[PDB]
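A quick note on method: Cβ atoms are made from the backbone with ideal geometry, for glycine too, and the neighbour counts reach across all protein chains shown. Read the figures in this text as sums done on the coordinates, not as results from a lab.
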Amino acid sequence: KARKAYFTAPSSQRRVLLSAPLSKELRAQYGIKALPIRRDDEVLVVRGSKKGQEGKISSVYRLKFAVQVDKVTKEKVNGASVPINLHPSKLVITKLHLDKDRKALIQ
Amino acid sequence: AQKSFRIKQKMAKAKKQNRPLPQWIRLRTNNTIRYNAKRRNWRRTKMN
Amino acid sequence: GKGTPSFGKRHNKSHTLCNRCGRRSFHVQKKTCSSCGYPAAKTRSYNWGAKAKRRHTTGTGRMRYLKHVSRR
Amino acid sequence: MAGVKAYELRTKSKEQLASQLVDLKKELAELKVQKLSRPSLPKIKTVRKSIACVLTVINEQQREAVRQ
Amino acid sequence: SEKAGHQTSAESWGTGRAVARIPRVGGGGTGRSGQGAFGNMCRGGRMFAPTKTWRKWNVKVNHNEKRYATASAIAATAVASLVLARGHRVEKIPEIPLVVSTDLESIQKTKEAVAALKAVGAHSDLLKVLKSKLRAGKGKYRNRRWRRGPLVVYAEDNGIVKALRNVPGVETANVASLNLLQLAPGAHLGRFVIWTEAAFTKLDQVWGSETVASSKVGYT
RNA sequence: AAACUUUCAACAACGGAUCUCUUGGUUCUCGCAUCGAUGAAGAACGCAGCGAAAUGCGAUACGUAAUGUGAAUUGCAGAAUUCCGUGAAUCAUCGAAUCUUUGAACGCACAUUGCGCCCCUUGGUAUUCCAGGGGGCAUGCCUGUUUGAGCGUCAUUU
RNA sequence: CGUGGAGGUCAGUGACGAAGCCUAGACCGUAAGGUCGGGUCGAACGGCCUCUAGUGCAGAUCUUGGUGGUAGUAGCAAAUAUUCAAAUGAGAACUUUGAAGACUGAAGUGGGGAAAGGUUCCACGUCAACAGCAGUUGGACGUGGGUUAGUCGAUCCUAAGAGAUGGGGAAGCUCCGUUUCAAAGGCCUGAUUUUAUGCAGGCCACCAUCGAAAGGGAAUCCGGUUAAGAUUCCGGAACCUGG
RNA sequence: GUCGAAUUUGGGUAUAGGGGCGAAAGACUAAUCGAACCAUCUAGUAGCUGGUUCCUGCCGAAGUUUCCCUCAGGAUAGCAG
RNA sequence: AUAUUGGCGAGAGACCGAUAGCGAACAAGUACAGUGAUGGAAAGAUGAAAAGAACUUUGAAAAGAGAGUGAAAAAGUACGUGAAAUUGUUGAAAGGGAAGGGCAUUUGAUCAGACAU
RNA sequence: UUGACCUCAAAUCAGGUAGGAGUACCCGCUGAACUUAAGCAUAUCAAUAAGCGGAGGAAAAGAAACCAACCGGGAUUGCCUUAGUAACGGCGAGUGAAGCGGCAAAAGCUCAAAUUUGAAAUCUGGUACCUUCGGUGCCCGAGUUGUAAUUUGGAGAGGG
């Protein structure tokens, strides 16, 4: 159909598309379905082959549609290191870099 | 051919964009398409 | 003669561009033509698919939903 | 200004916002006299957009003026 | 598209150059449109027909007929030597039609419904709606990516038991409606009516402004 | 007997068909009332630290302001130095701005960036000559204002 | 018999591999066709009952794209015109240098220009392409540089001519008229003046303006300079214009 | 052939389509001329040419009648399904 | 007052699916052609992800051979699929001016069934 | 010598005004041929294309100088009908619209012509709920002034 307002929308609503589920612990304590994947947050790559593997979502390349996890990185057999683009809503929000703003948002 | 700015400026531009593909753009994380593709050759197509 | 041998004589013009549009088109000696016939220009058209489309400069009348409908 | 904006918004004279502007300008200029390798610019860009912040904040607080 | 590729200012060439008497255009740059267009045989020329809005898009059938019609196959909803073969999967009690307490004109809840429509014995079918393999032909590419057999259709009287909305396959109506499509869709004779209140008991209620009739004696 | 030649095998090879793909197109239907002398449509010429173009923008030049969003990065993560809890290039924004040289084009022109006239203010320092920044001089009509025109014509102390 | 698509139903087929493609491999139809196997690839697809139409190719000197026989063939033949040796290079018939031999032999193959060309100019780098053999070479490709005015020229003048306005024709875009139709057009010296502005008087449709890089036409020359400019830059020596 | 005169030629200007210009040929008028070029009317018209796409099964021909500005068309009978 | 349709806005379709579909899925009214008015195209798809390939071979060098990346390089920015014309190679077979059918068979090659337990 | 009345101007002197654009669709003007007639003029094509000048959210039309038999009906607009019929026509080829009927949407109204010659109008100033060139006031000042109010289908009465 449309699906281009999709594959062609502005960050102002690309974060909220690049979203992610909350940790059982978190999804119980804090008590929210999920949220707008946030940076200084931590997570645990749920069902992707780099499974269970864990760490912090350094940056999120929205203009690439996909967020990246610090430690979890793709290794070159060529003495070099390169990030491994991870798809937000397939990880799981371990802990949130909760800020008065993101805080408030919890409604 | 002692020109006039009208044809000067223009002459000058022929120059300014007479240049091979940028090479940065070549790897803009999106696509980019290769080759100047608009390429005057002061011996092929011609000015005014 | 009529051809080759002639032909290689092209060395005057029908151009000098314009000042509006400018696709080479002012009959130097005649003055003004091929589009915005300076003067009265009026584009000077007819009925045969041109374009003549391009980019403004308006469309900022996405105001409307904000004319004096958000100007005050 | 270089901010803010929320800053330049107040409030020194036209002959005060003055050498602020003239300042940033002699900046941008020398900032160019650099011109040597890289080039980043980066704060040539900074100094620039700012140059304007000043300029714009400068052409309003003389307008609301005329508006009296 | 009316401007249908009779969009060129092209010509013929007066037999005299081997080429054929088709319109051609250009020059120059390049090959085409110095080619040969404004024609069916060529590339990007008129369709033959070239279709149009003006066609006979909609069709007209008569009342007394769409009546012997809707009727013909209200009465398919019983004799279910067919209603077996026409889709829906039954054991369904020794009771065709097969009515339900006039409760279900409320049931403001899905499961309480669904499930109810199920101990009502529909499970067997309320599941068939769930061998849903996804289309085939390029249909897909154009907003129709489904292919799910038909289902169970419950007849109203008061509301839409619209709990039964997201119900995967089953479709609700009222009493004086029912498209002679629905009442035997698959446009084949036979569909499941989990009925209802004055429903079965007060379908007819015929007239209307007249109707019904038929003649071949002992259908034996 | 080979070479050659045809033929059919498999492998490559020329070529880009068939299959599936769709941020197009095409036709439907349903809301909605807006350009410009308050300078439009269109055109040039330019503007990124790095850019050719498509795109956006105008010497405040891929943008100023202002909002809410934002809450966290943009030109999103090309690289790159890049910079961030006092709000970053994204959306919306048109209750603000900037809007070169133009075009209904406009003081005269305009195959040129050519040629005048006012007013204000700076240097030469006598306003009247030469250079700098600011503001300005089209036409047709509408209406009033304000001066003067005829033996159109009235009346007055001569 | 076969096709795109639509309603249905077969709880049909399928990443353990759906289409499509490849088979002097197998079997069914008298045949349209159909079904396996095997190889092959990658995400879709079919049987049956019906519905629908842009539903079947060998041609139409048919459209468009692609190929081949012709065939390594035709062809690459305008000035006597070329040679030795170094050097630089992975490689010299062809690049540079040296020497030799010969031309164009001042109505040139030399030294500037026009008009047109836009950077071909210059330096540096380097050969996929292009050059029609070749290439180290180029006008080629890549990155950078270079166009310096009171005296040169354009700018002003008028030429045929083009053309707004006083107006007049035309439904109208517009046509027609610069020599036969208020207020004129302004300017000028003196002027009512302490710096506005009448006035004394004069010339008065000046019938706008555009139109020459060969016509008309203020005023520069010598020497030096560069990778590439120059009657300019710079040295000295000048003349014109306005104040 | 002619080669100082009806010379040759640059630039500028003027004449544009049944209109130009022409020491006249139907010449020239951007390789275009016994009426330029561009677009549109416009898929112009076509009693004439060309092609007109998958199987088998059945039945199975006309050229002759009459009226037409019909002579290559058509009507009309007659043949067929 | 369905009284009339392609600029804003938004729904949708037994519509086309890249020689179809607007000419334009793409830096398309572009490249490019014509003094001029006008005329005006070809052109989509490695993957899930660049993970876009760091000895040795001349390298003029370009690449090659191994290597390595991947679910696969029978995915190499000449990138899914890769028919055909058509070309190479291997393999067989046949040829006294020519092409290739049709009926029967010889020979060779190859295949199914019938398995009778 | 000094005021006006009046036609005429000139003002950068005040303030607005237009001029261009533009897919569709609306008001006009102006106008082909190709075409069919198996010829070709009539005519058809067609009040069509092209050309030109004007709008809008629609536009245009609209309170009848109508339709009509009696019967009567009652502004436009649109639709379904009327109707491929009345007519028009080398009465050939072809043209071919109306008006009591059912729908859709519903609205009706103001001038000129009549008196007490205007106490009605523009401005620009001061001030004013409205914060600077500005929605409207008031008072006042110049200017306008054959253009202040009842009356216009039906008459309201118009006057008494």
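Quick notes on this one:
- Residue in segment E:139-148 that is among the hydrophobic types (A, V, I, L, M, F, W, C) and surrounded by 20 or more Cβ atoms within 10 Å (Cβ to Cβ) present: no
- Pick from segment A:51-107, criterion in a loop (DSSP other than H, G, I, E, B) and acidic (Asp, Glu), ranking: nearest to RNA strand G (Cβ to nearest atom): A:70
- Segment C:17-31 - residue that is more than 8 Å from RNA strand F (Cβ to nearest atom) and more than 14 Å from chain B (Cβ to nearest Cβ) and, of those, nearest to the chain's Cα centre (by Cα): C:27
- Condition check for residue C:61: within 10 Å of RNA strand I (Cβ to nearest atom) and either over 21 Å from residue B:6 (Cβ atoms) or not hydroxyl-bearing (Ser, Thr, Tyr) (or both): yes
- Filtered residues of segment E:12-57 (kept if more than 11 Å from RNA strand H (Cβ to nearest atom), among the aromatic types (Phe, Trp, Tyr) and surrounded by fewer than 11 Cβ atoms within 10 Å (Cβ to Cβ)): E:54, E:57
- Residues in chain B that are near RNA strand G (Cβ under 6 Å from one of its atoms) and charged (D, E, K, R): B:3, B:15, B:19, B:40, B:43, B:46.
- Just one of the listed residues (C:45, C:6, C:14) is within 16 Å of RNA strand J (Cβ to nearest atom), on the phi < 0 side of the Ramachandran plot and either more than 14 Å from chain B (Cβ to nearest Cβ) or in a loop (DSSP other than H, G, I, E, B) (or both), namely C:45.
- Residue check for residue C:35: within 14 Å of chain B (Cβ to nearest Cβ) and closer than 21 Å to residue B:47 by Cβ: no
- Any chance residue E:53 is within 14 Å of another protein chain (Cβ to nearest Cβ) and more than 8 Å from RNA strand G (Cβ to nearest atom): no
- Residue in segment E:115-130 that is of a type in the set (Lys, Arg) and part of a loop (DSSP other than H, G, I, E, B) present: no
- Selection within segment A:43-80 - away from chain B (no Cβ under 14 Å), charged (D, E, K, R), within 13 Å of RNA strand F (Cβ to nearest atom) and out of contact with any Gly (no Cβ under 8 Å at 6 or more places or on another chain): A:56, A:74
- Taken as a whole, the condition of being hydrophobic (A, V, I, L, M, F, W, C) and within 16 Å of RNA strand F (Cβ to nearest atom) applies to residue E:57.
- Residue selected from segment E:86-110 under the condition more than 28 Å from the chain's Cα centre (by Cα) and among the acidic types (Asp, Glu), by the criterion surrounded by the fewest Cβ atoms within 10 Å (Cβ to Cβ): E:95
- Residues that are in a loop (DSSP other than H, G, I, E, B) and within 14 Å of chain A (Cβ to nearest Cβ), drawn from segment B:18-28: B:28
- Criterion: near RNA strand I (Cβ under 9 Å from one of its atoms), surrounded by fewer than 10 Cβ atoms within 10 Å (Cβ to Cβ) and over 30 Å from residue E:97 (Cβ atoms) - qualifying residue of E:9, E:1: E:1
- Some residue of segment B:3-17 being assigned to a loop (DSSP other than H, G, I, E, B), within 14 Å of another protein chain (Cβ to nearest Cβ) and over 9 Å from the mean Cα position of the chain (by Cα): yes
- Here residue B:6 fulfils each of the conditions (1) near RNA strand F (Cβ under 6 Å from one of its atoms); (2) more than 28 Å from residue C:15 (Cα to Cα); (3) of a type in the set (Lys, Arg) apart from (2).
- On the stretch given as segment E:53-97, residues that are touching a strand residue (DSSP E or B) at 6+ places or on another chain (Cβ under 7 Å) and not in a helix (DSSP H, G or I) total 1.
- Pairs are defined by a Cβ separation below 6 Å, a sequence spacing of at least 6 or placement on different chains, a first member in segment B:29-45 that is within 14 Å of another protein chain (Cβ to nearest Cβ), and a second member that is assigned to a loop (DSSP other than H, G, I, E, B); no pair meets this definition.
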